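Engineer: Below you'll find the structure I mean.
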Ligand SMILES: CCCC(CCC)C(=O)N[C@@H]1Cc2ccc(S(N)(=O)=O)cc2C1
Ligand SMILES: [Zn+2]
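Residue numbers (this note's numbering): 911 to 1169.
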C-alpha cells in the first residue's frame, strides 16, 4: 500500500528504509563540480548508434513515462567512452520539476536544470537486463539536461502522445520514434560510477552525463506536468518533481571527456 514515491511521507528521504543501499557508497545522482572534474585521456571516443532503434510503446508507470525499445537484437547501442563492450538501449524517460528552475537529478556546480533525459542501456555481455542489474558494470545511462527555450522538434511526438497515458498503468503503441532527435550537437560528457536514481537504487550504472543541454519549449515541459502519478479514477496528483536530489560523492571522482 505505502509504496515509494516523491511525496513527504514516501519520498527520497524515506527510501532507505525499504532500500538500505540508498545510503550506499555509489549512489546517484550527484552534483558535478566542473572544476574538480578531471579530463581523462584514457577515455575512448563515445559512440551513440541509434539509427536502427525500434521503439515499441510508451508507458506511465506512476513515477515517470518510459519510451520502450525492442532490445531483442543488436540495434541501438552505446559504446566507447568509459565503456567496456557494447550496451543496448532498452528505454528512455525523464525527470522534471513543477517549475522551470528545478527538475534535473544531476546538477552542475549546484545548478538545477528544468528536466533530465535518461537513455538506459544494458551490458550485452550479461545476456539481458535482469542479469545486468546484478553486475557492477551492468548498465550505462546517458543523461541529457533539458533547459527551457526553443522547442525541440524531435520531442514533440512524445509530447503529443502523453494525453493517451495520463494516468499510472496506461500505455500506448509508440513505434518508429527516433531517439537521435533528442541529442545535442556535442557529445562532451562527464562520467562516474553510480546507481539507479529510483528504488531499487541498484549500484550497477556507469553514468555518462552530457555537458550540452537540449532546449525544449515551455509548452513542451508544461505538458510533461499534466501527467498524473495517480491511476485512472483516483484524485489527481500531478506528476511533477519526480527527481531525487544529489547524493554524497563519497569515494568517487568525476571524469571529463574534454580538456
Ligand atoms: C532492477 C529492475 C527492476 C524493474 C522494476 C519495474 C517493473 C525496473 O525496470 N526498474 C527501473 C529500471 C531503471 C533504469 C534506469 C533508472 S535511472 N533513473 O537511474 O535512469 C531507473 C530504473 C528503475
Ligand atoms: Zn531516470
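All residues carry an ideal CB built from backbone N, CA and C; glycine is no exception.
1) Give every residue whose Cβ lies closer than 6 Å to any heavy atom of ligand 2, listed in chain order.
2) Starting from residue 978, follow its DSSP beta bridges and name the residues at the other end.
3) According to the Cβ coordinates, are residue 1152 and residue 916 closer than 8 Å?
4) Excluding sequence positions up to five away, which residues of its chain have a Cβ less than 7 Å from the Cβ of residue 955?
5) Whole angstroms is fine: what's the gap from residue 1043's alpha carbon to residue 1012's?
6) Just grab the DSSP bridge partners of residue 1103 for me.
7) When every heavy atom of ligand 1 is checked, does at least one fall within less than 7 Å of the C-beta of residue 977?
8) Nearest-angstrom Cα distance between residue 1106 and residue 1112?
9) State the Cα-Cα distance for the pair residue 1116 and residue 1055, rounded to the nearest angstrom.
10) Can you check DSSP and say which residues form a bridge with residue 1017?
11) Which of helix, strand or coil does DSSP assign to residue 1078?
12) State the CB to CB distance for the pair residue 1051 and residue 1016, rounded to an integer number of angstroms; the pair is presumed to be in contact (CB under 8 Å).
13) Which of helix, strand or coil does DSSP assign to residue 1167?
14) Residue range of the beta strand (DSSP E) that residue 957 falls in?
15) What number of angstroms, rounded off, separates the C-alpha of residue 1030 from the C-alpha of residue 1121?
16) If we ignore side chains and look at the alpha-carbon of each, how far apart do residue 924 and residue 914 end up?
17) Does residue 1039 come out as helix, strand or coil in the three-state DSSP assignment?
18) Quick one: grab the DSSP three-state call for residue 1083.
19) Could you check where the beta strand (DSSP E) with residue 1055 kicks off and where it finishes?
20) Compare the C-alpha of residue 1063 against each of 963, 1124, 922 and name the closest.
21) Ignore the nearest five residues each way along the sequence and tell me which others in residue 1162's own chain have a CB closer than 7 Å to its CB.
Structural biologist: Taking the coordinates as given:
1) 1003, 1005, 1028, 1107
2) 967, 1001
3) yes
4) 990
5) 29 Å
6) 1116
7) no
8) 5 Å
9) 17 Å
10) 941
11) strand
12) Not confirmed; about 10 Å, so no contact.
13) coil
14) 954-959
15) 18 Å
16) 8 Å
17) helix
18) strand
19) 1049-1058
20) 1124
21) 936, 1102, 1103
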